[PDB]
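Some notes on the structure that comes next.
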Amino acid sequence: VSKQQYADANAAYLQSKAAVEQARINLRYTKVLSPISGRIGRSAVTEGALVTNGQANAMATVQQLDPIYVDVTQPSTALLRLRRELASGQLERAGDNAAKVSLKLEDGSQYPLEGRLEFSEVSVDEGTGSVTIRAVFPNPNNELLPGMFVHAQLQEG
Amino acid sequence: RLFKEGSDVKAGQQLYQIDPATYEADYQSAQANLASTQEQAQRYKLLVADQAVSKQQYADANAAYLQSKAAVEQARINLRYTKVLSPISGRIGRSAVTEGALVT
Amino acid sequence: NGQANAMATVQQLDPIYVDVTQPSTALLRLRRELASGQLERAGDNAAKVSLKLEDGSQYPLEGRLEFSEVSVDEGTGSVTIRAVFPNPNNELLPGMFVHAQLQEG
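Residue numbers (PDB author numbering), protein chains in the order written: chain H, 106 to 262; chain I, 54 to 157; chain G, 158 to 262.
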């Protein structure tokens with residue numbers, strides 16, 4: 106055979122192998138593999154329900170509980186006056202352990218471990234007038250659950 | 054998720070990865086056709102000098118060559134969409150989704 | 158094809174699930190069993206106890222506990238707790254408002 110005949114026969118073979126892989130992907134989707142590793146909740150749908158590709162309502166949730174985030178709201182007037190009296194007027198001398206955050210639970214009991222914060226939302230909400238800060242806490246015993254109301258005690262200079 | 058939250062991102066910086074796995078197979082199926090018709094276009098460009106192949110045969114060969122090159126360019130932009138490049142430069146906020154969510 | 162509203166609905170009545178709500182301000186208090194009271198030293202008896210129907214009568218059979226929801230809600234601050242109950246004579250129906258008794262330590 107000519108070399109170009111081997112070339113486009115090999116190309117037809119590679120195209121059909123790619124189509125086989127395209128079918129194998131959809132065959133892999135019918136066994137719903139979990140995307141991450143974590144604690145799974147309860148099933149929103151049971152055996153017999155009909156699902157649809159890319160539907161909005163979920164069927165289950167998987168969550169990782171270690172570490173945990175703490176989202177914190179602070180009003181923008183307080184941040185404005187802190188930014189004012191940090192440099193202008195007396196210097197409040199921001200400090201070295203400005204990362205350290207300790208939280209309190211609903212019953213006033215202290216969380217034994219401590220976490221650190223990083224900023225993640227430079228925007229003022231139009232409904233509440235408050236910026237949002239985010240801290241990361243270690244959660245080795247699952248004492249903190251996603252959604253709980255806590256009190257983060259920061260260090261404003 | 055390949056960005057630190059609350060940081061400065063530049064234009065064109067990759068922020069995510071959306072599991073190509075289908076666009077990879079589309080890219081392979083396009084490049085298999087490109088690697089075939091490009092060789093025929095070059096061979097007919099060599100043969101058309103000393104008239105072993107008519108001019109219309111070469112003008113139909115390089116047209117299919119350019120069509121397969123456009124198909125590979127169509128596969129490459131879908132492969133570039135799976136790495137979500139930052140459209141502008143600025144401050145990125147909190148990620149509304151985490152690793153494991155299904156997008157559309 | 159794939160419309161939202163259903164044509165009919167089929168249901169299995171045996172067994173049956175009971176989803177109760179516990180305030181999350183109570184289970185972290187229950188996690189303070191090391192000082193006040195003592196720990197859940199009940200073994201398999203800490204699985205489950207019975208259920209109270211709508212009219213205040215007692216269900217004759219007992220159930221079994223499997224936890225399924227480690228997530229509190231923002232509105233009421235409560236955790237969802239699931240239990241399973243045998244239903245041989247279709248006394249319990251899906252949707253009734255019941256009061257499940259549980260086991261602390």
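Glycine included, each C-beta is placed from N, C-alpha and C at the ideal position.
Quiz prompt | Cβ-Cβ distance between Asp79 of chain I and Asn115 of chain I below 8 angstroms | solution = In the second sequence, the residue the question calls residue 79 of chain I occupies position 26. In the second sequence, the residue the question calls residue 115 of chain I occupies position 62. No, Cβ-Cβ distance for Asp79 of chain I and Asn115 of chain I is not below 8 angstroms.
Practice problem: Return the chain-ordered ranges of every beta strand (DSSP E) run that is complete within the region 161–216 of chain H and spans a minimum of 3 residues. | Solution: 173–180 and 205–209
Self-check item: Test item: CB-CB of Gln81 of chain I and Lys136 of chain I under 8 angstroms
Solution: The residue you call residue 81 of chain I lines up with position 28 of the second sequence. The residue you call residue 136 of chain I lines up with position 83 of the second sequence. Going by C-beta atoms, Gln81 of chain I is not nearer than 8 angstroms to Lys136 of chain I.
Quiz prompt | Where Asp113 of chain H sits in the DSSP three-state scheme | solution = Here residue 113 of chain H refers to the residue found at position 8 when the first sequence is read from its first residue. Three-state DSSP puts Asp113 of chain H in a helix.
Practice problem: At 9 angstroms on the CB atoms, spell out the chain I contacts of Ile130 of chain H, in chain order. | Solution: Within the first sequence, residue 130 of chain H is the residue found at index 25, counting from 1. Under the 9 angstroms cutoff, chain I gives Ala74, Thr75 and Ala78.
Quiz item: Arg96 of chain I touches chain B at which residues, Cβ-Cβ below 9 angstroms?
Solution: Considering every chain present, this structure includes no chain B. Its protein chains are H, I and G.
Quiz prompt | Interface partners of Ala85 of chain I on chain H, CB under 9 angstroms | solution = As a first step, residue 85 of chain I must be located in the second sequence, where it is residue number 32. Result: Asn115, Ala116, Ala117, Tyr118, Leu119, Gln120, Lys122 and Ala123.
Quiz item: Quick one: which chain H residues come within Cβ less than 8 angstroms of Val167 of chain G?
Solution: Start at 1 with the first residue of the third sequence, and residue 167 of chain G comes out as number 10. In chain order: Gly153.
Quiz prompt | Helix, strand or coil at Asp79 of chain I according to DSSP, with G and I counted as helix | solution = On the second sequence, residue 79 of chain I is found 26 positions in, with the first residue counted as 1. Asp79 of chain I falls in the helix class under three-state DSSP.
Quiz item: Which of the residues in the region 191–214 of chain H, read from start to end, lie with their CB under 7 angstroms from any CB of chain G?
Solution: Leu210, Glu211 and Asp212
Self-check item: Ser235 of chain G, DSSP secondary structure in three states
Solution: Your numbering for residue 235 of chain G matches position 78 in the third sequence. Three-state result, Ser235 of chain G: strand.
Quiz prompt | For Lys209 of chain G, the nearest candidate out of G:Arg198, G:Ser228 and G:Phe242 (CA to CA) | solution = Locating residue 209 of chain G in the third sequence gives position 52, counting from the first residue. Of the listed residues, the one whose Cα sits closest to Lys209 of chain G is G:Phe242.
Quiz item: Do the CB positions of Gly220 of chain H and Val175 of chain H come within less than 8 angstroms of each other?
Solution: As a first step, residue 220 of chain H must be located in the first sequence, where it is residue number 115. As a first step, residue 175 of chain H must be located in the first sequence, where it is residue number 70. Contact: yes.
Practice problem: Check the Cβ-Cβ distances between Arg186 of chain H and every residue of chain I, and say whether any is below 8 angstroms. | Solution: Position 81 of the first sequence, counted from the first residue, corresponds to residue 186 of chain H. Judged by the 8 angstroms Cβ criterion, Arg186 of chain H is not in contact with chain I.
Practice problem: Please report how far the alpha carbon of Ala192 of chain G lies from the alpha carbon of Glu211 of chain H, in whole angstroms. | Solution: For this step, residue 192 of chain G is matched to residue 35 along the third sequence. For this step, residue 211 of chain H is matched to residue 106 along the first sequence. In a straight line, the C-alpha of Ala192 of chain G is about 19 angstroms away from that of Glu211 of chain H.
Quiz item: Is there at least one Cβ from chain H nearer than 8 angstroms to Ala105 of chain I's Cβ?
Solution: Taking the first residue of the second sequence as 1, we reach residue 105 of chain I at position 52. By this cut-off, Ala105 of chain I is not an interface position.
Practice problem: Assign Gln260 of chain H to one of three DSSP states: helix, strand, or coil. | Solution: Here residue 260 of chain H refers to the residue found at position 155 of the first sequence. Note: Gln260 of chain H maps to coil in three-state DSSP.
Quiz item: For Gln127 of chain H versus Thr157 of chain I, is the C-beta spacing smaller than 8 angstroms?
Solution: On the first sequence, residue 127 of chain H is found 22 positions in, with the first residue counted as 1. On the second sequence, residue 157 of chain I is found 104 positions in, with the first residue counted as 1. No, these two residues do not count as a Cβ contact at 8 angstroms.
Quiz item: My guess is that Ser235 of chain H and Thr178 of chain H are in contact by the Cβ rule of under 8 angstroms, so how many angstroms apart are they, rounded?
Solution: Here residue 235 of chain H corresponds to residue number 130 of the first sequence, with the count starting at 1. Here residue 178 of chain H corresponds to residue number 73 of the first sequence, with the count starting at 1. Yes, they are in contact, since the Cβ atoms of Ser235 of chain H and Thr178 of chain H sit about 4 angstroms apart, within 8 angstroms.
Exercise. Please look up how many angstroms separate the CB atoms of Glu226 of chain H and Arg133 of chain I, rounded, as I've assumed it's under 8 angstroms.
Key: Here residue 226 of chain H is taken as the residue at index 121 of the first sequence, counted from 1. Here residue 133 of chain I is taken as the residue at index 80 of the second sequence, counted from 1. Actually they are not in contact, since the Cβ atoms of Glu226 of chain H and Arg133 of chain I sit about 29 angstroms apart, beyond 8 angstroms.
Self-check item: Close-in-space but distant-in-sequence residues of the same chain around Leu218 of chain H (CB under 6 angstroms, 5 per side omitted)
Solution: Taking the first sequence and counting its residues from 1, one reaches residue 218 of chain H at position 113. Close CB contacts of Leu218 of chain H within its chain, under the 6 angstroms cut and outside five residues either way in sequence, are with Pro243 (chain order).
Exercise. Identify whether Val156 of chain I lies in helix, strand or coil by the three-state DSSP scheme.
Key: Taking the first residue of the second sequence as 1, we reach residue 156 of chain I at position 103. Note: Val156 of chain I maps to coil in three-state DSSP.
Self-check item: Cross-strand partners of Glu223 of chain H (DSSP beta bridge)
Solution: Counting from 1 along the first sequence, the entry for residue 223 of chain H is found at position 118. Paired residue(s): H:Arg239.
Exercise. Just mark residue 24 of chain I as buried or exposed, buried being the case when its beta carbon has 16 or more other beta carbons within 10 Å.
Key: An answer regarding residue 24 of chain I cannot be provided, because it is not within the stretch 54 to 157 covered by chain I.
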